[PDB]
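S.K.: Before I ask anything, let me first share the structure, which is written out below as structure tokens.
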Amino acid sequence: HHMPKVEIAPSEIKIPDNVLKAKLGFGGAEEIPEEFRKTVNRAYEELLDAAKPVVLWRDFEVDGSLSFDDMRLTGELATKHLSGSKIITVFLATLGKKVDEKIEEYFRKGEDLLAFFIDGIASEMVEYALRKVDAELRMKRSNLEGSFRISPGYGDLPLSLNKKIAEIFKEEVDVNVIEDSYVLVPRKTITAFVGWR
């Protein structure tokens, strides 16, 4: 069972200013207002201290079919992007449980705005961690065409798949879906598929 993983230093994850700015309520603003500069700085500084970005993946040889290790991709979105492909990669990206604990710590102290900045930078940090690796795999694999990246719960793709993917990486990383609504723990954890023609 070949389960590669990369650990990425939080400061090496470049989130574009306008994506950040939009995520924290300053969509379009040319700059983040001076009144929130020190706060956002601390949110981002706190996040850098607590986050432990890890992205893991696994390649399956499938040739055309949309079923493999214990799962079967069902919706119409799946077919559009993933059908007729030789390999399908499943990704898991996470920032770890200390991120969750820091968010809760600030809600508990009643610093809800700070916790909001942190939660939002964190949502984008785990996305761009995944994108960083998605891109490396694209650049390496010249002999192939990578599909669009799709996550469980987007369109017709069952959210229930989170549970299947969690199981795949259970031994490589601290992750569960302890909730029967298929919600991943730790909370800043994200899943995706990419197809390769």
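Order determines the names: the first chain of the structure tokens is A, the second B, and so forth; residues in each chain are numbered 1 upward, and ligands are numbered 1 upward as they are shown.
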Counting only C-alpha atoms, what is within 12 Å of residue 142 in chain A, bar same-chain residues fewer than 6 positions away, as a PyMOL selection string?

M.R.: chain A and resi 135-136+196-197

S.K.: How would you write, as an MDAnalysis selection string, the set of residues in chain A that DSSP gives as alpha helix (DSSP H)?

M.R.: chainID A and resid 17:23 37:50 76:82 97:108 112:140 161:169

S.K.: Within 12 Å of residue 163 in chain A, counting only C-alpha atoms, which residues show up once you throw out same-chain ones fewer than 5 positions away? Write them as a PyMOL selection string, please.

M.R.: chain A and resi 70-71+92+152-153+158+168-170+175-185+190-191

S.K.: Could those selected residues go to a file with C-alpha atoms, as a PDB file, in the first residue's frame?

M.R.:
```pdb
ATOM      1  CA  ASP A  70     -14.259  -0.295  -1.358  1.00  0.00           C
ATOM      2  CA  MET A  71     -15.840   2.732  -3.101  1.00  0.00           C
ATOM      3  CA  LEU A  92      -6.295  13.973   1.815  1.00  0.00           C
ATOM      4  CA  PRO A 152     -17.071  14.852  -1.979  1.00  0.00           C
ATOM      5  CA  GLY A 153     -20.201  16.953  -1.370  1.00  0.00           C
ATOM      6  CA  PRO A 158     -21.811  11.746  -2.130  1.00  0.00           C
ATOM      7  CA  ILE A 168      -7.590   4.737   3.481  1.00  0.00           C
ATOM      8  CA  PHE A 169      -5.281   7.078   5.390  1.00  0.00           C
ATOM      9  CA  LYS A 170      -6.266   6.210   8.963  1.00  0.00           C
ATOM     10  CA  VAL A 175      -8.077  11.550  10.994  1.00  0.00           C
ATOM     11  CA  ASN A 176     -11.603  10.302  11.543  1.00  0.00           C
ATOM     12  CA  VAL A 177     -15.150  11.038  10.596  1.00  0.00           C
ATOM     13  CA  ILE A 178     -16.374  10.504  14.175  1.00  0.00           C
ATOM     14  CA  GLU A 179     -19.623  12.187  12.962  1.00  0.00           C
ATOM     15  CA  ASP A 180     -22.390  10.234  11.160  1.00  0.00           C
ATOM     16  CA  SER A 181     -22.909  13.314   8.951  1.00  0.00           C
ATOM     17  CA  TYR A 182     -19.578  12.309   7.336  1.00  0.00           C
ATOM     18  CA  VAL A 183     -17.792  15.370   8.737  1.00  0.00           C
ATOM     19  CA  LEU A 184     -14.010  15.102   9.051  1.00  0.00           C
ATOM     20  CA  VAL A 185     -11.955  15.585  12.216  1.00  0.00           C
ATOM     21  CA  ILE A 190     -10.204  18.222   2.954  1.00  0.00           C
ATOM     22  CA  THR A 191     -10.604  15.477   0.376  1.00  0.00           C
TER      23      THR A 191
END
```

S.K.: What's the separation between CA of residue 54 in chain A and CA of residue 12 in chain A, in Å to one decimal place?

M.R.: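 Taking CA of residue 54 in chain A and CA of residue 12 in chain A, their separation equals 12.4 Å.
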
S.K.: Any chance you could list, as a short mmCIF file (atom, residue, chain, number, x, y, z; two decimals) with C-alpha atoms, in the first residue's frame, the residues in range 2-175 of chain A that come up strand (DSSP E) when DSSP is run on the backbone?

M.R.:
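Result file is result08.cif:
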```cif
data_model
loop_
_atom_site.label_atom_id
_atom_site.label_comp_id
_atom_site.auth_asym_id
_atom_site.auth_seq_id
_atom_site.Cartn_x
_atom_site.Cartn_y
_atom_site.Cartn_z
CA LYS A 5 2.82 12.18 2.05
CA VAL A 6 4.47 15.53 2.21
CA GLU A 7 4.66 17.84 5.24
CA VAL A 54 0.23 17.39 5.65
CA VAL A 55 -1.01 16.17 2.26
CA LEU A 56 -1.25 12.46 1.52
CA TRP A 57 -2.33 10.70 -1.62
CA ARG A 58 -2.89 7.35 -3.24
CA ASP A 59 -3.02 6.33 -6.89
CA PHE A 60 -5.36 3.60 -8.18
CA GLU A 61 -5.09 1.85 -11.55
CA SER A 67 -14.92 1.88 -8.76
CA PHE A 68 -11.90 0.69 -6.76
CA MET A 71 -15.84 2.73 -3.10
CA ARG A 72 -17.85 3.51 -6.23
CA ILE A 87 -5.55 6.43 -12.92
CA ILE A 88 -7.58 8.13 -10.22
CA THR A 89 -5.77 9.79 -7.33
CA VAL A 90 -7.42 10.31 -3.97
CA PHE A 91 -6.02 13.20 -1.88
CA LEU A 92 -6.29 13.97 1.81
CA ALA A 93 -5.01 17.33 3.18
CA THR A 94 -5.09 18.40 6.85
#
```

S.K.: Need the shell around residue 99 in chain A: protein/DNA/RNA residues with any atom at most 8 Å away, counting only C-alpha atoms. Skip same-chain ones fewer than 4 positions apart. Format as a list in words?

M.R.: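 Contacts, in chain order: residues 47, 50, 51, 95, 103, 122 and 188 of chain A.
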
S.K.: Could you work out how far CA of residue 117 in chain A lies from CA of residue 38 in chain A, giving the answer in Å with one decimal?

M.R.: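 Rounded to one decimal, the two atoms are 11.6 Å apart.
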
S.K.: So how many Å separate CA of residue 157 in chain A and CA of residue 75 in chain A, to one decimal?

M.R.: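 A separation of 5.2 Å between them.
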
S.K.: Can you pull out every residue within 12 Å of residue 79 in chain A, counting only C-alpha atoms, but drop anything in the same chain fewer than 4 positions away, and send it as a PyMOL selection string?

M.R.: chain A and resi 64-67+72-75+83-85+147-148+150+155-157+195

S.K.: Determine the nearest neighbour of residue 131 in chain A from the options A:192, A:62, A:3, A:24, counting only C-alpha atoms.

M.R.: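 Residue with the minimum atom-to-atom distance to residue 131 in chain A: A:192.
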
S.K.: Name the residues in contact with residue 123 in chain A at a cut-off of 10 Å, using only C-alpha atoms, excluding same-chain residues fewer than 2 positions from it; report them as a PyMOL selection string.

M.R.: chain A and resi 20+23+94-95+118-121+125-128+187-190

S.K.: Pick out the residues sitting within 12 Å of residue 37 in chain A, and hand them over as a list in words; count only C-alpha atoms, and ignore anything fewer than 6 positions along from it in its own chain.

M.R.: residues 21, 24, 26, 31, 43, 44, 45, 114 and 117 of chain A

S.K.: Using only C-alpha atoms for the distances, tell me which of A:113, A:133, A:173, A:8 is nearest to residue 48 in chain A.

M.R.: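 Result for the nearest residue to residue 48 in chain A: A:8.
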